[PDB]
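Taking it in order: structure first as structure tokens, then the write-up.
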Amino acid sequence: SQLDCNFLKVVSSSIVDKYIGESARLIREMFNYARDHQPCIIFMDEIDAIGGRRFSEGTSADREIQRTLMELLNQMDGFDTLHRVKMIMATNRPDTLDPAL
Amino acid sequence: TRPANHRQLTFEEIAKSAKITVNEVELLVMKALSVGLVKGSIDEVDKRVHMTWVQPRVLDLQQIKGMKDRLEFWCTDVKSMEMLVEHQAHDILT
Amino acid sequence: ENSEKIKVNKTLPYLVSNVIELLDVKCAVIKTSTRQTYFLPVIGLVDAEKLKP
Amino acid sequence: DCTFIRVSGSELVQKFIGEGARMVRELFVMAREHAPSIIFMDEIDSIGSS
Amino acid sequence: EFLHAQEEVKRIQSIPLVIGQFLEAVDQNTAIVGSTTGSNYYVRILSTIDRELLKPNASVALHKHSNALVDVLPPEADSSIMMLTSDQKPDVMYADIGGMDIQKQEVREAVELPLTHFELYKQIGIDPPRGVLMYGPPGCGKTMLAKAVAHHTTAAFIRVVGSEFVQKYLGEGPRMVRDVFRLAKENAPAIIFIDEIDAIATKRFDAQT
Amino acid sequence: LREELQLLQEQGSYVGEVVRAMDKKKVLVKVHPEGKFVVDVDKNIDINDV
Amino acid sequence: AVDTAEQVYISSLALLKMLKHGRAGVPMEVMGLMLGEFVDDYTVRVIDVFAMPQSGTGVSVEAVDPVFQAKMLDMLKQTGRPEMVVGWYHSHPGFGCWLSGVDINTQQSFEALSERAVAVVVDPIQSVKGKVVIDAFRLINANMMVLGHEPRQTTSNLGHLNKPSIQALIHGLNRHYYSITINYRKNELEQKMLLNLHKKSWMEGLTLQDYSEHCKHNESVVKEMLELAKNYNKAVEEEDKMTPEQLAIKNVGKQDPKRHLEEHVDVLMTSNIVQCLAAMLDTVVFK
Amino acid sequence: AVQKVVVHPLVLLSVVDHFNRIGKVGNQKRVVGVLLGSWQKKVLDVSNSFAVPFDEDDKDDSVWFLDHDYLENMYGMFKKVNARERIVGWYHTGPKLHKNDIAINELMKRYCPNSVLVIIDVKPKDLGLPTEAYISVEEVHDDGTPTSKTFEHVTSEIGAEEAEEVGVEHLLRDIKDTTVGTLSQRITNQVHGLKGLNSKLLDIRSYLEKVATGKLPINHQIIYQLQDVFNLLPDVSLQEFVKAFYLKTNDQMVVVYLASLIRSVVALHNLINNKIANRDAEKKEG
Amino acid sequence: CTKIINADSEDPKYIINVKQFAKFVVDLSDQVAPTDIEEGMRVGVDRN
Amino acid sequence: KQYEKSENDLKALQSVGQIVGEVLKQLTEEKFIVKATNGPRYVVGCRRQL
Ligand SMILES: Nc1ncnc2c1ncn2[C@@H]1O[C@H](COP(=O)(O)OP(=O)(O)OP(=O)(O)O)[C@@H](O)[C@H]1O
Ligand SMILES: [Mg+2]
Ligand SMILES: [Zn+2]
């Protein structure tokens, strides 16, 4: 509210579904919107849903989540400088998160 | 007076005609440049004043006569060496 | 005379379509039921505030 | 000194029902046209698994 | 009349051309082209275009009504459109990194050096190296070094993250891999930086899925 | 140049595929995105086109 | 007493009214009248064209407004010249020229009222480059089904001006209507005033475009002309008996030896002479 | 405040025919009609017109007839068939203009506030004159002068849109003043570009002949506005001298060694290619 | 031939789908009565 | 006030309607490559000052 701009709200559990190349596609779009409107605040509640940690085999579902994670993990510190954009991550759990996160 | 053949006026001619001293002619000519009745410039290694002048006035019909003769000399130089160009390159003009 | 002039140029048959969104810089983007998306800068014989997507 | 065909086989999946298969039929008739022929597969750990 | 002819030939092409793709060439000055309206055609082609740019495939320019070949587009002029030029570009320089003395030199041998001093490799006959893998614990200057190479390079640079070319439809992913390497081969000496690839890197023995 | 510029100013030809079609000076062509047509031949070619 | 190979004279002022009014309403098949004089049996002239207000029906007999007819004719009687209508026209954007089924009914209406009442079809969006797709036609009877339709006679100017085009003979050519030839009542004092007033430049004829971009362009050509000269070195010192009449024909590419040569030498010559010759004249003329 | 007017070439064209319409009864030597327009910006646009009955008497030159009712209805027609177009003014010909044009203009300024008039020149069509357009302002005259009207000038041009160049380029077909010119084309532009230089100058010759000789009353405005022209022409100097041969030589070098040599060697290549192909067909006839 | 979605009162303003081409708001021609143009009916439709 | 609404519609009646498309790339200083929403690709230009 204090000197506001286009604040976002992400529940971080509606962004997973069946098809494999969509959870990365939402994350790419939400950052392209943030580069559109130059002051911007990203808010993502409950990171622990897709935050996690990487491990050996989770064959069916877990490989989608880790690829979803690496898209998030490396578009907020990617090759492009994330400029004038701030991110608030909030989760009640975190004991297991990715150390890269 | 002189029709820009030698418009580089010397500072002493101003000090003679305006009968002002030597040190005041620079403030005098920067004034007339400031008002905008002249657009010249000032050199001081020779202390001579260059003049490019754009404030015209009435020119008293006996000097329309001399203005006519300038226009006719200007007229015949245009016409003559146009004919030299047309006669020289008549074969490729077509 | 203008109302008679508008009467002649407002003539059946009509294409139907669906207004996708509405802009102002009063402006509308329209997909026809020919599956073709058009733009118009000027809307016409309605009001923009009376319209909805 | 012969007609030689390079197929890195992953290029027959394209997007559609159908189309990814029918070009295989359209491949060997194109090899039948240049009737002495050798067709090459790259990396059958793709299509052809099990 | 010869100048009238060259003018009228010239001003048949400056027009809102439609774009189809070249399909097959029958003979001299006539060929088959298929439009991007669908509905494959068969038209005459010009005498202007050098015919060695119509190999089986090229995006081509077509008149609306007469529908003839008009011009050949430059190769892969779009495809995936990935050219990082001049905002966006690096916001970093080479000396900004502190202390990677061995490792700044080692990347420089494989990427920066053979572009400029290519004759040094030819003098020894080396075939200078082609690919490079960087690995370490996170936050140790990996992405930062890749930004610094993209500063002081004079090449066509293409960034890839290792996740956006696995996606929705069947066979869609590997076509994007085809789109990248054709775009680099069509362009100059070029650099492709694919960020973290352990998404698509794990060796599979068999997948019952 | 005049011979080019006049043949340029010409609506281009269609292409339709016939694997086989009937005889008696008329054949049966489906073109590209459309149905089938019973057409006529020109007189510089044969009925032996099949 | 039957038709011939006739002739249609349209004025220069008519043709500009035609394809401007067609270009104005490019989607919606504009409509207008054609006002001239039947001068003899087998020539006809038209001097003037005015348009029509457009109805919701389109090109038909109903778009002809009789109260707009007689009022427009009345105010041309006292100003300019009064004359008889000689036909009509309409615009067909999506295709070149042929009378449609609604076009053929309104032709029946005028040929019953008038003598022949020549129609005109104009495609504005096809008529772009240097040619105009305009054509004129005339409806033929079915009573001459046992006789020669297009009843033409003792002249040899029928095989000119068009062969009947395939896109137009697929419609009612040549068994519902026939084509008719068009040439232009073209005269002096209108030819020269349209020549000299559309393309002219008086004081531009001795300007300079001075030297910061002119002498820069003198670098812009020489540089690749150097490299193209090195390419000219390559083919000439090659000179091998590779059956050299075949070696010259298998590498036509609108390329080096003469094509991509002296063409540049011409442009370097014309630019620098006209520059320097105009420079010496301005020193001559102006003091 | 008008920058320039844009003459669409149907309007002049539709004046010349109307002069030819009345020419069978021609005793008026002037044609006055209504100039439709399309005002867009400080630059003006004209694309349509029509005529109107008008007469004028040589005696007393102030009894004249614009027809209002004919101007009402026929403009109501052209509005109905095309609501894009409106009036912007009027036209006449006969370049020695009658002084009645104050009265013609001040009448029909109640149709358009910033009314404008264009003079076409049907018979004088030879040297340098496409048209001419005036604008109407009224000061008193000057500081210590009586009242006056004083038509002022706005520069003019001939415009071009698509689907009239189509009508233009199809109607020339003879010489056309072909596209971007050769050596002969540019030199003729320097010839008749200069043949109008003294032509404008022979007019300003005759003006300060007949005003300074002593016939007509002198303007004062045009005199000193002519004076600064003569004190603005350049002269020759050493700075003009060493500079001119600095860049004439630089233009010359491109012509001399790069154009004359290479064109000769190409023609020298056509020597050997001819003489080989000549005698090798000669010695191999039998 | 087409189908009819619905109608209006005192004036036709009928809504009709080709459904292979677009859906149209059209009129009836003068040869019929507005009674038996009820909804969901095959009707004969002009080409222009 | 009612005549104001009529003259707005006389302005409103004369508009043409436009085609929605997206720019694929830029070729030269005036040549673009755009693509319609459902149709083909094209080569276009600007108006004056876009
Ligand atoms: N040697 C160094 N000098 C200056 N800054 C450094 C150095 N090493 C790391 N940093 C800082 O660490 C941050 C992370 O850099 P970088 O993203 O390259 O690390 P990383 O190993 O690529 O992380 P990840 O592998 O998770 O992407 C940079 O923003 C940079 O400011
Ligand atoms: Mg990183
Ligand atoms: Zn028609």
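Chain H residue numbers are taken from Swiss-Prot; in order, the displayed residues are 5-290.
Yeah, the Cβs are placed from backbone N, Cα and C, and that goes for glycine too.
Checked against Swiss-Prot, the residues H:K46, H:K204, H:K219 yield a single entry marked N6-acetyllysine: H:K204. H:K214 is the residue among H:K28, H:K199, H:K214 that Swiss-Prot labels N6-acetyllysine. Reported as a whole number, the C-alpha separation between H:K214 (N6-acetyllysine) and H:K204 (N6-acetyllysine) equals 16 Å.
Across the structure, H:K180 (ubiquitin cross-link) and H:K204 (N6-acetyllysine) are spaced 26 Å apart at their Cα atoms.
Look at H:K180 (ubiquitin cross-link): DSSP puts it in coil. Secondary structure at H:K214 (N6-acetyllysine), as computed by DSSP, is helix.
Residue counts of the domain 'MPN' (H:9-144) by helix, strand and coil are 34 helix, 35 strand, 67 coil (DSSP-based). Sequence-distant neighbours of H:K204 (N6-acetyllysine) (same chain, six or more apart, CB under 8 Å from its CB) are H:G132, listed in sequence order.
Around H:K180 (ubiquitin cross-link), taking its Cβ as the centre, 12 other Cβ atoms fall within 10 Å, counting all chains.
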